[PDB]
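**Q** Quick check, what structure comes out for this input:
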Amino acid sequence: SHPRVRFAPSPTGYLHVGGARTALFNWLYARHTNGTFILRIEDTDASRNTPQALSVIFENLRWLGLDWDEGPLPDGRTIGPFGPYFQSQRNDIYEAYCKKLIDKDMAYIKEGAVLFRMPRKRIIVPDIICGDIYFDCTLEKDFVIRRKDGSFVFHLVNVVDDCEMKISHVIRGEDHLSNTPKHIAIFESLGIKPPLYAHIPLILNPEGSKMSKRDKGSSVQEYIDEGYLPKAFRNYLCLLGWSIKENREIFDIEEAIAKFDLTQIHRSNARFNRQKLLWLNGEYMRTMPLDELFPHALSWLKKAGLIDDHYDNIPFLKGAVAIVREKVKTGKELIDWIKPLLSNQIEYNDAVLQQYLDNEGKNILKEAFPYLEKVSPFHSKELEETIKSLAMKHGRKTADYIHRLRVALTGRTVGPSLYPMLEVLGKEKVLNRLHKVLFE
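**A** Residues are numbered from 1 along each chain as shown. There you are, the coordinates:
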């Protein structure tokens, strides 16, 4: 019921995958312990901290189903009694703490900047994730907490706001672990008990590199744009340094909440496996409720294939999504596979034309055309019986018709199940396309 944890990002224009994971882990812990998850924004430099960047953090987190209990909201709003939740609006507070330190002789002015008196003793950081970490701080020199230009350093800022916001657990990446002795020292120089720390090993690529900021696939928006599913991406985010003992990799966020524990986060670096993520998104693609998938698909479709919901044949669209969904892995694949279904022209290349629609192929399709137009109802079962019967009549295989049919109708060699595809398109569309292929 008690814990108070926070995610404290910098708005740069994108939400880094690792930043997303850190937000998730904090959100998971808060939800597991009936605690409170706070969002504060570190808006230091005016140049790179635009309102556009802020919207990305809001929308990316919401897209992942991650709310927050206190913090800023769009259009200049805020919720929470421990605000304001912007670093730029807390400068008076930073001074009060910094002046208090000077008054205690815990800090001193030197050449226009304030320097914290670093305790040069041994300090053990009892990290929940990394275990006890011995630091020898006898070498560590004093450091600036407020710079010559009057601005305040992260090392002081994060301690101040953890105090003011009554933060119980600080969950962040392991790139902060080396400075936690500085942060613990400040808490102690203020007579305030330091929070418990849980530092998460950094995510690495399979070849050992960090997911750098200008690399492809470093940002959450990129996967959204590529057609990834919210619940799937989030499920994979839980897999980055954590598991459920069953180690079945697919589980819903309710299970994740019920079982999440900081002491079960892996001590070794998580590896970002794009193939597993791709695979995971396919599992959700195929199995999620159709009416839940459809709104995503429309949104993917609006970036090209369909008009802004002036598409009048919704029923056909749902049919084409339903058949493509059981075989594709991402929104991008769906768009590729659904393209010929929606198109009026068909995109044929010469290699498929000489292999499938040659003279022998056309004659094969010419065998089917008269029966495809007589068949009623134009349904998956009856259409398959017609092709089976055709194959027997002509001493052919059903594949001899099936593949050429798909090529003639879509220009593609692979795609949704042939007989359902025939149904969804309908007799008129099927016959008109077969007619055009055979008699142009």
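**Q** Strands of this protein, start to end?
**A** Assigned by DSSP state E, the strands in the chain fall at 4-7, 36-39, 71-73, 77-79, 107-110, 113-116, 122-127, 131-136, 143-146, 169-173, 196-200.
**Q** for the protein, longest helix please?
**A** Longest helix in the chain, counting residues (DSSP state H): helix 17-32.
**Q** Specify the angle between that helix and strand 196-200 in degrees.
**A** Helix 17-32 and strand 196-200 are oriented at 140 degrees to each other (axes from the mean of the first three to the mean of the last three C-alpha atoms, to 10 degrees).
**Q** Specify the residue positioned farthest from the middle of the chain.
**A** Using C-alpha atoms, centre = their mean, the residue of the chain lying farthest from its centre is residue 393. It sits 52.6 Å away.
**Q** hang on, the earlier thing: want to throw the strands of the chain into CSV with mean neighbour count?
**A** To be clear about C-beta, it is placed using only N, CA and C from the backbone, and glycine gets the same treatment. Formatted as CSV, those follow (neighbours: other C-beta atoms under 10 Å):
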stretch, mean neighbour count
strand 4-7, 25
strand 36-39, 23
strand 71-73, 20
strand 77-79, 12
strand 107-110, 14
strand 113-116, 20
strand 122-127, 15
strand 131-136, 12
strand 143-146, 21
strand 169-173, 22
strand 196-200, 21
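**Q** can you redo those strands as CSV with distance to residue 62?
**A** Listed next are the strands of the chain as CSV, based on distance: least, C-beta to C-beta, whole Å:
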stretch, distance to residue 62
strand 4-7, 13
strand 36-39, 11
strand 71-73, 11
strand 77-79, 14
strand 107-110, 40
strand 113-116, 38
strand 122-127, 30
strand 131-136, 35
strand 143-146, 35
strand 169-173, 20
strand 196-200, 22
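**Q** quick one, which of these is nearest to residue 220?
**A** Taking C-beta to C-beta, strand 4-7 is the member of the strands of the chain nearest to residue 220, at 13.4 Å.
**Q** Name the residues that touch the closest one?
**A** Applying C-beta atoms under 8 Å, 6 or more residues apart in numbering, the contact partners of strand 4-7 are 19, 22-23, 26-27, 29-30, 35-40, 68, 162, 165-171.
**Q** tally of neighbours for the residue nearest to residue 285 when sequence neighbours are not counted?
**A** Excluding the flanking residues, the one nearest residue 285 by C-beta to C-beta, 6 or more residues apart in numbering is residue 325, at 5.8 Å. Per other C-beta atoms under 10 Å, the neighbour tally for residue 325 reads 22.
**Q** what do you get for residue 372?
**A** 20.
**Q** Repeat that for the one 4 residues further on.
**A** Using other C-beta under 10 Å, the number of residues around residue 376 comes to 8.
**Q** now the closest residue to it other than its chain neighbours: how far from residue 300?
**A** Distances taken as C-beta to C-beta, 6+ apart place residue 382 nearest to residue 376, at 7.4 Å, with adjacent residues excluded. As judged by C-beta to C-beta, to the nearest Å, residue 382 and residue 300 stand 32 Å apart.
**Q** Mind checking which of these two has more residues around it?
**A** A count of neighbours by other C-beta under 10 Å puts residue 300 above the other of residue 382 and residue 300, at 21 against 15.
**Q** what's near enough to touch the closest residue to the more buried one other than its chain neighbours?
**A** Take residue 300 and drop its neighbours on the chain: the residue closest to it by C-beta to C-beta, 6+ apart is residue 331, 4.2 Å away. Going by C-beta under 8 Å, 6+ apart, residue 331 touches 226-229, 296-297, 300.
**Q** which of these has the most neighbours?
**A** residue 228 (26 neighbours).
**Q** Quick check: that one touching residue 330?
**A** Yes: assessed by C-beta atoms under 8 Å, residue 228 is found in contact with residue 330 at 6.2 Å.
**Q** what's the overlap in contacts for these two?
**A** residue 281.
**Q** quick one: residue 189 from residue 145, how far?
**A** Residue 189 is 10 Å from residue 145, by C-beta to C-beta.
**Q** Now do the shared contacts for those two.
**A** 101, 107, 116.
**Q** how's the protein carved up into domains?
**A** 4-87+203-264, 90-200, 289-342, 350-439 (automatic domain parsing).
**Q** closest to residue 280 out of the ones you listed?
**A** From the domains of the chain, taking C-beta to C-beta, the stretch that ends up closest is domain 4-87+203-264, at 5.1 Å.
**Q** how about residue 416, what does it touch?
**A** Contacts of residue 416 (C-beta under 8 Å, 6+ apart): 320, 323-324, 326-327, 337, 341.
**Q** Which members of the residues you listed are the farthest-apart pair?
**A** 326 and 341 (14.1 Å).
**Q** just to revisit the earlier point, closest one to residue 239 among the strands of the chain?
**A** Closest among the strands of the chain, once you apply C-beta to C-beta, is strand 196-200, at 13.1 Å.
**Q** List the contacts of the closest one.
**A** So strand 196-200 is in contact with 21-22, 25, 125-130, 168-174, 176-177, 180, 241, 262, 265, going by C-beta under 8 Å, 6+ apart.
**Q** how about the residue nearest to residue 285, what does it touch?
**A** Contacts of residue 325 (C-beta under 8 Å, 6+ apart): 285-286, 290, 293, 297, 334.
**Q** How about residue 237?
**A** 17, 20-21, 24, 64.
**Q** For residue 21, grab the count of nearby residues.
**A** 22.
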